[PDB]
$ cat target_15.csv   # CSV, N, CA and C atoms
chain,number,residue,atom,x,y,z
Y,10,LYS,N,13.2,28.6,-14.5
Y,10,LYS,CA,12.2,28.3,-13.5
Y,10,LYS,C,11.1,27.5,-14.0
Y,11,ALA,N,11.4,26.2,-14.3
Y,11,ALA,CA,10.5,25.2,-14.7
Y,11,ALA,C,9.7,25.6,-16.0
Y,12,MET,N,10.5,26.0,-17.0
Y,12,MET,CA,9.9,26.3,-18.3
Y,12,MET,C,10.9,25.9,-19.4
Y,13,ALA,N,12.1,26.1,-19.1
Y,13,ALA,CA,13.2,25.7,-20.0
Y,13,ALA,C,14.3,25.0,-19.2
Y,14,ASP,N,13.9,24.6,-18.0
Y,14,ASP,CA,14.9,23.9,-17.1
Y,14,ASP,C,14.1,23.2,-16.0
Y,15,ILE,N,14.8,22.3,-15.3
Y,15,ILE,CA,14.2,21.6,-14.2
Y,15,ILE,C,15.2,21.6,-13.0
Y,16,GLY,N,16.1,22.6,-13.0
Y,16,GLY,CA,17.2,22.7,-12.0
Y,16,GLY,C,16.9,23.8,-11.0
Y,17,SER,N,16.2,24.8,-11.5
Y,17,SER,CA,15.9,26.0,-10.6
Y,17,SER,C,14.8,25.6,-9.7
Y,18,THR,N,14.0,24.6,-10.1
Y,18,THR,CA,12.8,24.2,-9.3
Y,18,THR,C,13.1,22.8,-8.6
Y,19,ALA,N,12.5,22.5,-7.5
Y,19,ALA,CA,12.6,21.2,-6.9
Y,19,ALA,C,11.4,20.9,-6.1
Y,20,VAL,N,10.3,20.6,-6.8
Y,20,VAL,CA,9.0,20.3,-6.2
Y,20,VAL,C,8.5,18.9,-6.8
Y,21,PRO,N,9.0,17.8,-6.3
Y,21,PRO,CA,8.6,16.5,-6.7
Y,21,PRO,C,7.3,16.0,-6.1
Y,22,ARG,N,6.9,16.7,-5.1
Y,22,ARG,CA,5.6,16.3,-4.4
Y,22,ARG,C,4.4,17.1,-5.0
Y,23,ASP,N,4.8,18.2,-5.7
Y,23,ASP,CA,3.7,19.0,-6.4
Y,23,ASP,C,3.5,18.3,-7.8
Y,24,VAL,N,2.2,18.0,-8.0
Y,24,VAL,CA,1.8,17.3,-9.3
Y,24,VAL,C,0.8,18.2,-10.1
Y,25,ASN,N,0.9,18.1,-11.4
Y,25,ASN,CA,0.0,18.8,-12.3
Y,25,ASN,C,-1.3,18.1,-12.3
Y,26,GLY,N,-2.3,18.6,-11.5
Y,26,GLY,CA,-3.6,18.0,-11.4
Y,26,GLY,C,-3.7,17.1,-10.2
Y,27,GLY,N,-3.4,17.7,-9.1
Y,27,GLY,CA,-3.4,17.0,-7.8
Y,27,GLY,C,-4.8,16.8,-7.3
Y,28,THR,N,-5.3,15.6,-7.6
Y,28,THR,CA,-6.6,15.2,-7.2
Y,28,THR,C,-6.6,15.1,-5.6
Y,29,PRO,N,-7.7,15.6,-5.0
Y,29,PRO,CA,-7.8,15.7,-3.5
Y,29,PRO,C,-7.3,14.4,-2.8
Y,30,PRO,N,-7.7,13.2,-3.1
Y,30,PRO,CA,-7.4,12.0,-2.5
Y,30,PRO,C,-6.0,11.5,-2.9
Y,31,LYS,N,-5.0,11.6,-2.0
Y,31,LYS,CA,-3.6,11.2,-2.4
Y,31,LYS,C,-3.6,9.7,-2.6
Y,32,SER,N,-2.8,9.3,-3.5
Y,32,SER,CA,-2.6,7.9,-3.8
Y,32,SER,C,-1.2,7.6,-4.4
Y,33,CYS,N,-0.9,6.3,-4.6
Y,33,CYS,CA,0.5,6.0,-5.0
Y,33,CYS,C,0.5,5.8,-6.5
Y,34,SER,N,1.5,6.3,-7.2
Y,34,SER,CA,1.7,6.1,-8.6
Y,34,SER,C,2.3,4.7,-8.9
Y,35,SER,N,2.8,4.1,-7.8
Y,35,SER,CA,3.4,2.8,-7.9
Y,35,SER,C,2.3,1.7,-8.1
Y,36,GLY,N,1.1,2.1,-7.9
Y,36,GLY,CA,0.0,1.2,-8.0
Y,36,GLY,C,-1.1,1.5,-7.1
Y,37,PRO,N,-2.3,0.9,-7.3
Y,37,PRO,CA,-3.5,1.1,-6.4
Y,37,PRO,C,-3.1,1.1,-4.9
Y,38,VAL,N,-3.9,1.8,-4.2
Y,38,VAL,CA,-3.8,1.8,-2.7
Y,38,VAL,C,-4.6,0.6,-2.2
Y,39,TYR,N,-4.4,0.2,-0.9
Y,39,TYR,CA,-5.1,-0.9,-0.4
Y,39,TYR,C,-5.7,-0.6,1.0
Y,40,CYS,N,-6.9,-1.1,1.2
Y,40,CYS,CA,-7.7,-0.9,2.4
Y,40,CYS,C,-7.7,-2.2,3.2
Y,41,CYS,N,-6.8,-2.3,4.2
Y,41,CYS,CA,-6.6,-3.6,4.9
Y,41,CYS,C,-7.3,-3.4,6.3
Y,42,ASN,N,-7.9,-4.5,6.7
Y,42,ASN,CA,-8.6,-4.5,8.0
Y,42,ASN,C,-7.5,-4.3,9.1
Y,43,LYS,N,-6.3,-4.7,8.9
Y,43,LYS,CA,-5.2,-4.5,9.8
Y,43,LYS,C,-3.9,-4.8,9.1
Y,44,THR,N,-3.0,-3.9,9.1
Y,44,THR,CA,-1.7,-4.1,8.5
Y,44,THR,C,-0.8,-4.8,9.6
Y,45,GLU,N,-0.2,-5.9,9.2
Y,45,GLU,CA,0.6,-6.7,10.1
Y,45,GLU,C,2.0,-6.5,9.9
Y,46,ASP,N,2.8,-6.4,11.0
Y,46,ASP,CA,4.2,-6.1,10.9
Y,46,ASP,C,5.0,-7.2,10.2
Y,47,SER,N,5.4,-6.9,8.9
Y,47,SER,CA,6.0,-7.9,8.1
Y,47,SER,C,7.4,-8.4,8.7
Y,48,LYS,N,7.8,-7.7,9.7
Y,48,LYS,CA,9.0,-8.1,10.4
Y,48,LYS,C,8.8,-9.3,11.3
Y,49,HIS,N,7.6,-9.3,11.9
Y,49,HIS,CA,7.2,-10.3,12.8
Y,49,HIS,C,5.7,-10.7,12.7
Y,50,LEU,N,5.4,-11.3,11.6
Y,50,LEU,CA,4.0,-11.7,11.4
Y,50,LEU,C,3.6,-12.8,12.4
Y,51,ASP,N,2.4,-13.0,12.5
Y,51,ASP,CA,1.8,-14.1,13.3
Y,51,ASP,C,2.2,-15.4,12.6
Y,52,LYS,N,2.3,-16.5,13.3
Y,52,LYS,CA,2.5,-17.8,12.7
Y,52,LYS,C,1.4,-18.2,11.7
Y,53,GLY,N,0.2,-17.7,12.0
Y,53,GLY,CA,-0.9,-17.9,11.1
Y,53,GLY,C,-0.8,-17.2,9.8
Y,54,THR,N,-0.2,-16.0,9.9
Y,54,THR,CA,0.0,-15.1,8.7
Y,54,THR,C,1.3,-15.6,8.0
Y,55,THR,N,2.3,-15.9,8.8
Y,55,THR,CA,3.5,-16.5,8.3
Y,55,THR,C,3.2,-17.8,7.5
Y,56,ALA,N,2.2,-18.5,8.0
Y,56,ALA,CA,1.7,-19.7,7.3
Y,56,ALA,C,1.3,-19.3,5.9
Y,57,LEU,N,0.4,-18.3,5.7
Y,57,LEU,CA,-0.1,-18.0,4.4
Y,57,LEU,C,1.0,-17.6,3.5
Y,58,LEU,N,1.9,-16.8,4.0
Y,58,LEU,CA,3.1,-16.4,3.3
Y,58,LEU,C,3.9,-17.6,2.8
Y,59,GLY,N,4.1,-18.5,3.7
Y,59,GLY,CA,4.8,-19.8,3.4
Y,59,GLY,C,4.1,-20.5,2.3
Y,60,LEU,N,2.7,-20.5,2.3
Y,60,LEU,CA,1.9,-21.1,1.3
Y,60,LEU,C,2.2,-20.5,-0.1
Y,61,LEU,N,2.3,-19.2,-0.1
Y,61,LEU,CA,2.5,-18.5,-1.4
Y,61,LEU,C,4.0,-18.3,-1.7
Y,62,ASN,N,4.8,-18.9,-0.8
Y,62,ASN,CA,6.3,-18.9,-1.0
Y,62,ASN,C,6.9,-17.5,-0.8
Y,63,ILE,N,6.2,-16.7,0.0
Y,63,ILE,CA,6.7,-15.4,0.3
Y,63,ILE,C,7.8,-15.4,1.3
Y,64,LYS,N,8.8,-14.6,1.1
Y,64,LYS,CA,10.0,-14.5,2.0
Y,64,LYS,C,9.7,-13.5,3.1
Y,65,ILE,N,9.6,-13.9,4.3
Y,65,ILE,CA,9.3,-13.1,5.5
Y,65,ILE,C,10.5,-12.1,5.8
Y,66,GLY,N,11.7,-12.7,5.6
Y,66,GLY,CA,12.9,-11.9,5.9
Y,66,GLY,C,13.1,-10.8,4.8
Y,67,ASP,N,12.5,-11.1,3.6
Y,67,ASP,CA,12.7,-10.1,2.5
Y,67,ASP,C,11.6,-9.0,2.6
Y,68,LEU,N,10.6,-9.3,3.5
Y,68,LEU,CA,9.5,-8.3,3.6
Y,68,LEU,C,10.1,-7.0,4.3
Y,69,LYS,N,9.4,-5.9,4.0
Y,69,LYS,CA,9.8,-4.6,4.4
Y,69,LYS,C,9.0,-4.0,5.5
Y,70,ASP,N,7.8,-3.4,5.2
Y,70,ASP,CA,7.1,-2.6,6.1
Y,70,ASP,C,6.0,-3.4,6.8
Y,71,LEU,N,4.8,-3.4,6.2
Y,71,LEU,CA,3.6,-4.1,6.7
Y,71,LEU,C,3.1,-5.1,5.7
Y,72,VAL,N,2.3,-6.0,6.1
Y,72,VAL,CA,1.5,-6.9,5.3
Y,72,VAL,C,0.0,-6.5,5.6
Y,73,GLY,N,-0.9,-7.1,4.8
Y,73,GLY,CA,-2.3,-6.7,5.0
Y,73,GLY,C,-3.2,-7.9,4.8
Y,74,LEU,N,-3.9,-8.3,5.9
Y,74,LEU,CA,-4.8,-9.5,5.7
Y,74,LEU,C,-6.2,-9.0,5.3
Y,75,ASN,N,-6.8,-9.8,4.4
Y,75,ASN,CA,-8.1,-9.5,4.0
Y,75,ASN,C,-8.3,-8.1,3.5
Y,76,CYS,N,-7.4,-7.6,2.7
Y,76,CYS,CA,-7.3,-6.3,2.2
Y,76,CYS,C,-8.1,-6.1,0.9
Y,77,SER,N,-8.6,-4.9,0.8
Y,77,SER,CA,-9.3,-4.5,-0.4
Y,77,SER,C,-8.5,-3.6,-1.3
Y,78,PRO,N,-8.2,-3.9,-2.6
Y,78,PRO,CA,-7.5,-3.1,-3.5
Y,78,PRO,C,-8.3,-1.9,-3.9
Y,79,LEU,N,-7.7,-0.7,-3.7
Y,79,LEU,CA,-8.3,0.6,-4.1
Y,79,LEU,C,-7.7,1.1,-5.4
Y,80,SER,N,-8.2,0.6,-6.6
Y,80,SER,CA,-7.6,1.0,-7.8
Y,80,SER,C,-8.5,2.1,-8.5
Y,81,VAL,N,-9.8,2.0,-8.4
Y,81,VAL,CA,-10.7,3.0,-8.9
Y,81,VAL,C,-11.1,4.0,-7.8
Y,82,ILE,N,-10.5,5.2,-7.9
Y,82,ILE,CA,-10.8,6.2,-6.9
Y,82,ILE,C,-12.2,6.7,-7.0
Y,83,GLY,N,-12.9,7.0,-5.9
Y,83,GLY,CA,-14.3,7.3,-5.9
Y,83,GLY,C,-15.1,6.2,-5.3
Y,84,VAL,N,-16.1,5.8,-6.0
Y,84,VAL,CA,-16.9,4.7,-5.6
Y,84,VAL,C,-16.1,3.4,-5.7
Y,85,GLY,N,-15.8,2.8,-4.5
Y,85,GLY,CA,-15.0,1.6,-4.4
Y,85,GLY,C,-13.6,1.9,-3.8
Y,86,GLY,N,-12.8,2.7,-4.5
Y,86,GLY,CA,-11.5,3.0,-4.0
Y,86,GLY,C,-11.5,4.0,-2.8
Y,87,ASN,N,-12.4,5.0,-2.9
Y,87,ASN,CA,-12.5,6.0,-1.9
Y,87,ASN,C,-13.6,5.6,-1.0
Y,88,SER,N,-14.0,4.3,-1.0
Y,88,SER,CA,-15.0,3.8,-0.1
Y,88,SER,C,-14.4,2.9,0.9
Y,89,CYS,N,-13.1,3.1,1.2
Y,89,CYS,CA,-12.4,2.3,2.2
Y,89,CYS,C,-12.8,2.8,3.6
Y,90,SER,N,-13.5,1.9,4.3
Y,90,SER,CA,-13.9,2.2,5.7
Y,90,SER,C,-12.9,1.6,6.7
Y,91,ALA,N,-12.0,0.8,6.2
Y,91,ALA,CA,-11.0,0.1,7.0
Y,91,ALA,C,-9.7,1.0,7.0
Y,92,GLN,N,-8.6,0.4,7.3
Y,92,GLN,CA,-7.3,1.0,7.4
Y,92,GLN,C,-6.7,1.1,6.0
Y,93,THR,N,-6.2,2.3,5.6
Y,93,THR,CA,-5.8,2.5,4.2
Y,93,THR,C,-4.2,2.6,4.2
Y,94,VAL,N,-3.6,1.7,3.5
Y,94,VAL,CA,-2.2,1.7,3.3
Y,94,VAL,C,-1.8,1.5,1.8
Y,95,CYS,N,-0.5,1.8,1.6
Y,95,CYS,CA,0.0,1.7,0.2
Y,95,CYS,C,1.0,0.5,0.2
Y,96,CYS,N,0.5,-0.5,-0.5
Y,96,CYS,CA,1.3,-1.8,-0.6
Y,96,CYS,C,2.0,-1.9,-1.9
Y,97,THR,N,3.1,-2.6,-2.0
Y,97,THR,CA,3.8,-2.8,-3.2
Y,97,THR,C,3.3,-3.9,-4.1
Y,98,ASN,N,2.7,-4.9,-3.5
Y,98,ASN,CA,2.1,-6.0,-4.2
Y,98,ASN,C,1.0,-6.6,-3.4
Y,99,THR,N,0.2,-7.5,-4.0
Y,99,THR,CA,-1.0,-8.1,-3.4
Y,99,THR,C,-1.0,-9.6,-3.7
Y,100,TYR,N,-1.5,-10.4,-2.8
Y,100,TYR,CA,-1.7,-11.8,-3.0
Y,100,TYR,C,-3.1,-12.2,-2.4
Y,101,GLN,N,-3.6,-13.3,-3.0
Y,101,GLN,CA,-4.8,-13.9,-2.5
Y,101,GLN,C,-6.0,-12.9,-2.5
Y,102,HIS,N,-6.0,-12.0,-3.4
Y,102,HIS,CA,-7.1,-11.0,-3.5
Y,102,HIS,C,-7.2,-10.0,-2.4
Y,103,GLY,N,-6.2,-10.2,-1.4
Y,103,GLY,CA,-6.1,-9.3,-0.3
Y,103,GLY,C,-5.8,-10.0,1.0
Y,104,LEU,N,-6.0,-11.3,1.0
Y,104,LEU,CA,-5.8,-12.1,2.2
Y,104,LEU,C,-4.4,-11.9,2.8
Y,105,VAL,N,-3.5,-11.7,1.9
Y,105,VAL,CA,-2.1,-11.3,2.3
Y,105,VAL,C,-1.6,-10.2,1.4
Y,106,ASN,N,-0.9,-9.2,1.9
Y,106,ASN,CA,-0.5,-8.1,1.2
Y,106,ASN,C,1.0,-7.7,1.6
Y,107,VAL,N,1.7,-7.0,0.8
Y,107,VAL,CA,3.1,-6.8,1.1
Y,107,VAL,C,3.5,-5.3,0.8
Y,108,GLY,N,4.5,-4.9,1.6
Y,108,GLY,CA,5.1,-3.6,1.4
Y,108,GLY,C,4.1,-2.5,1.6
Y,109,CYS,N,3.4,-2.6,2.7
Y,109,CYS,CA,2.3,-1.6,3.0
Y,109,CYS,C,2.8,-0.5,3.9
Y,110,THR,N,2.6,0.7,3.5
Y,110,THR,CA,2.9,1.9,4.2
Y,110,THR,C,1.7,2.7,4.5
Y,111,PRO,N,1.5,3.3,5.7
Y,111,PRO,CA,0.3,4.0,6.1
Y,111,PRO,C,0.2,5.3,5.3
Y,112,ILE,N,-0.8,5.3,4.3
Y,112,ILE,CA,-1.0,6.4,3.4
Y,112,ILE,C,-2.0,7.4,4.0
Y,113,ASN,N,-1.7,8.7,3.9
Y,113,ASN,CA,-2.6,9.7,4.3
Y,113,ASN,C,-3.3,10.2,3.1
Y,114,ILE,N,-4.5,9.8,2.9
Y,114,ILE,CA,-5.3,10.1,1.7
Y,114,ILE,C,-5.7,11.6,1.7
Y,115,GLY,N,-5.7,12.2,2.8
Y,115,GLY,CA,-5.9,13.7,2.9
Y,115,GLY,C,-7.3,14.1,3.3
Y,116,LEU,N,-8.2,13.2,3.1
Y,116,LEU,CA,-9.6,13.5,3.3
Y,116,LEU,C,-10.1,12.9,4.6

$ encode --input "target_15.csv" --output "structure tokens"
Amino acid sequence: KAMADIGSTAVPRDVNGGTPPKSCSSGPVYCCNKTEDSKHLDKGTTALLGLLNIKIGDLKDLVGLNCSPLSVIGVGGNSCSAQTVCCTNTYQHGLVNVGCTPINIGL
């Protein structure tokens, strides 16, 4: 039972030291003014993506325009007053963002 084995237990969501504000271990969370459907971006957003050579058809969930990277939790990271999502990568300091999923920080 999780002392000489990892088969009897199955709690991947339970973490040792679960800090109140949930975040992604895949990287910092992002606070985007609006996450845009990467399936069908606006031509204006598609434009930026084209500038950066991003593949729209390769895109997954959402993108994020003018997004703020939340890497330092607390002052700054937990100071997101906009929409908070979990993105896989970031471009243009936040002007365009990729692989964004709506994260429930819990607070």

$ closest_residue --input "target_15.csv" --among "Y:56, Y:68, Y:82, Y:116" --to "residue 36 in chain Y" --atoms "only C-alpha atoms"
Y:82

$ residues_around --input "target_15.csv" --residues "residue 90 in chain Y" --least-positions-apart "3" --cutoff "7 Å" --atoms "only N, CA and C atoms" --output "PyMOL selection string"
chain Y and resi 40+87+93

$ select_by_dssp --input "target_15.csv" --residues "range 41-89 of chain Y" --states "alpha helix (DSSP H)" --output "list in words"
residues 52, 53, 54, 55, 56, 57, 58, 59 and 60 of chain Y

$ residues_near_point --input "target_15.csv" --point "(3.0, 2.1, -2.5)" --cutoff "7 Å" --atoms "only N, CA and C atoms" --output "PyMOL selection string"
chain Y and resi 33-38+94-97+108-110

$ residues_near_point --input "target_15.csv" --point "(-5.7, -7.2, -6.0)" --cutoff "12 Å" --atoms "only C-alpha atoms" --output "list in words"
residues 36, 37, 38, 39, 40, 41, 73, 74, 75, 76, 77, 78, 79, 80, 81, 86, 96, 97, 98, 99, 100, 101, 102, 103, 104, 105, 106 and 107 of chain Y

$ select_by_dssp --input "target_15.csv" --residues "range 17-98 of chain Y" --states "strand (DSSP E)" --output "number ranges by chain"
Y: 38-41, 43-46, 71-74, 77-79, 92-95, 98

$ axis_aligned_box --input "target_15.csv" --around "range 78-88 of chain Y" --padding-each-side "6 Å" --output "lines of an AutoDock Vina configuration file"
center_x = -12.2
center_y = 1.7
center_z = -4.0
size_x = 21.4
size_y = 23.2
size_z = 21.8

$ atom_distance --input "target_15.csv" --atom1 "atom C of residue 47 in chain Y" --atom2 "atom N of residue 67 in chain Y"
7.7 Å

$ atom_distance --input "target_15.csv" --atom1 "atom N of residue 72 in chain Y" --atom2 "CA of residue 50 in chain Y"
8.0 Å

$ atom_distance --input "target_15.csv" --atom1 "atom C of residue 32 in chain Y" --atom2 "atom C of residue 54 in chain Y"
26.4 Å

$ closest_residue --input "target_15.csv" --among "Y:65, Y:14, Y:114, Y:88" --to "residue 28 in chain Y" --atoms "only C-alpha atoms"
Y:114

$ decode --input "target_15.csv" --residues "range 82-98 of chain Y" --atoms "C-alpha atoms" --output "JSON list (two decimals), in the first residue's frame"
[["chain", "number", "residue", "atom", "x", "y", "z"],
["Y", 82, "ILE", "CA", 2.71, 31.46, -8.05],
["Y", 83, "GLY", "CA", 1.60, 34.13, -5.62],
["Y", 84, "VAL", "CA", 2.37, 37.72, -6.53],
["Y", 85, "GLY", "CA", 2.23, 37.72, -10.31],
["Y", 86, "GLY", "CA", 1.20, 34.17, -11.08],
["Y", 87, "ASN", "CA", -1.80, 34.13, -8.76],
["Y", 88, "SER", "CA", -2.54, 37.72, -9.72],
["Y", 89, "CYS", "CA", -4.38, 36.65, -12.86],
["Y", 90, "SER", "CA", -7.51, 38.77, -13.17],
["Y", 91, "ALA", "CA", -8.16, 37.54, -16.70],
["Y", 92, "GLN", "CA", -8.99, 34.05, -17.91],
["Y", 93, "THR", "CA", -6.66, 31.33, -16.71],
["Y", 94, "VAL", "CA", -5.69, 28.42, -18.95],
["Y", 95, "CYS", "CA", -2.94, 25.84, -19.19],
["Y", 96, "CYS", "CA", -1.03, 26.18, -22.45],
["Y", 97, "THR", "CA", 1.64, 23.90, -23.84],
["Y", 98, "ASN", "CA", 3.76, 26.68, -25.37]]
